[PDB]
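Here is the structure we will look at.
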Amino acid sequence: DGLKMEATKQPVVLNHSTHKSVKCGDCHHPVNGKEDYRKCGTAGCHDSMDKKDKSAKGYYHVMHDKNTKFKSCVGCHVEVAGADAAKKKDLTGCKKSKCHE
Ligand code: HEM
Ligand code: HEM
Ligand code: HEM
Ligand code: HEM
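Written out as C-alpha cells, the structure reads:
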C-alpha cells in the first residue's frame with residue numbers, strides 16, 4: 007500500500023491506495039527496455055545527491071521540479087489542485103508537508 011522511502015534515515019511516504027486512478031507506468035516509467043519496478047534511487051538510476059544538478063540523474067530534481075519528460079510529484083499536484091487555493095496549499099506547500107512524513 008503506502009511505503010516509506012527510508013533505507014536508513016529518511017522520512018517520507020507514498021500510499022498506493024490514494025493513487026489508484028493513475029496508471030503504474032506514469033510513475034514506474036518504461037526506460038531503455040520496459041517498465042522497471044525498482045526503487046527510484048538505485049545505483050545507475052537517480053543517485054545524484056546535489057540539488058543544483060538538473061540532469062536526469064538528479065534526485066531532488068525528479069521529485070520537485072516542473073519541466074520534465076515525465077510528471078514529478080509537485081508537477082502533477084499543481085494541475086490536480088487547479089483553482090482551489092486551499093487545496094493547492096495542502097498538495098504543493100513546503101512547510102508541514104505530508105510528502106515528507
Ligand atoms: C500500478 C497498480 C502500480 C504498480 C504495479 C506498482 C508497483 C510497485 C512496486 C512493486 C513497488 C515496491 C518496490 C519496493 O520493493 O520498494 C512500488 C513502489 C513505489 N511506487 Fe508503485 N506501483 C504502481 C503504481 C504507482 C504509481 C501510480 C506511482 C506514482 C504516483 C507509484 C510510485 C511508486 C513509488 C515512489 C514507490 C516507492 C519506491 C521507494 O523508493 O520506496 N507507484 N510500486
Ligand atoms: C521511481 C518510481 C522513479 C521516479 C519517480 C522517476 C522519475 C523520473 C523523472 C521525472 C524523469 C524525468 C527527468 C527529466 O529531466 O526530464 C526520469 C527520467 C529517467 N529516469 Fe526515472 N524515475 C524512477 C525510476 C527510475 C529507475 C529505476 C531508473 C534506473 C533504471 C530510472 C532512470 C531514468 C532515466 C535513464 C531517465 C531518462 C530517460 C530518457 O528519456 O533519457 N528511473 N525519471
Ligand atoms: C511523488 C513520488 C509523489 C508523492 C510522494 C505523492 C504524495 C501524495 C500525497 C501525500 C497525497 C495526499 C494524500 C492525503 O491527503 O492523504 C497525494 C494525493 C494525490 N496525488 Fe500524489 N504524490 C506523488 C505523485 C503524484 C503524481 C505524479 C500524480 C499525478 C500523475 C499524483 C496525483 C495525486 C492525486 C490524484 C491525489 C489525490 C488528491 C485528492 O483530491 O485527494 N501524485 N499524493
Ligand atoms: C517546497 C518546494 C519543498 C521543499 C523546499 C522540499 C524540500 C525537500 C528536501 C530538502 C528533501 C531532502 C532531499 C535529500 O536528498 O536529502 C526533500 C525530499 C523529498 N520531498 Fe520535498 N520539499 C518540498 C515539497 C515537497 C512536496 C509538496 C512533495 C510531495 C508532492 C515533496 C516530496 C519529496 C520526496 C518524495 C522526497 C524524498 C523523500 C526521501 O526519500 O527521504 N516535497 N524535500
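Heads up, the entry's author numbering is the position in the sequence shown plus 6, with the first residue counted as 1. A virtual CB, placed ideally from N, CA and C, is assigned to each residue, including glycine.
Query	Result
Exposed unless 16 or more other CB atoms sit within 10 angstroms - verdict on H35	exposed
Whole-angstrom C-beta distance between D42 and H22, which should lie under 8 Å	At roughly 17 Å, the Cβ-Cβ gap does not stay under 8 Å, so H22 and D42 are not in contact.
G64, buried or exposed, once every other Cβ within 10 Å from all chains shown has been counted against 16	buried
Contact check, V37 vs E107, beta carbons under 7 Å	no
Contacts around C105, its chain only, beta-carbon distance under 8 Å, and the 5 residues preceding and following it disregarded	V18, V19, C79
Alpha-carbon to alpha-carbon, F76 and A87	18 Å
Alpha helix (DSSP H) segments (min. 4 residues) lying fully within the stretch 27–78	30–33, 65–70
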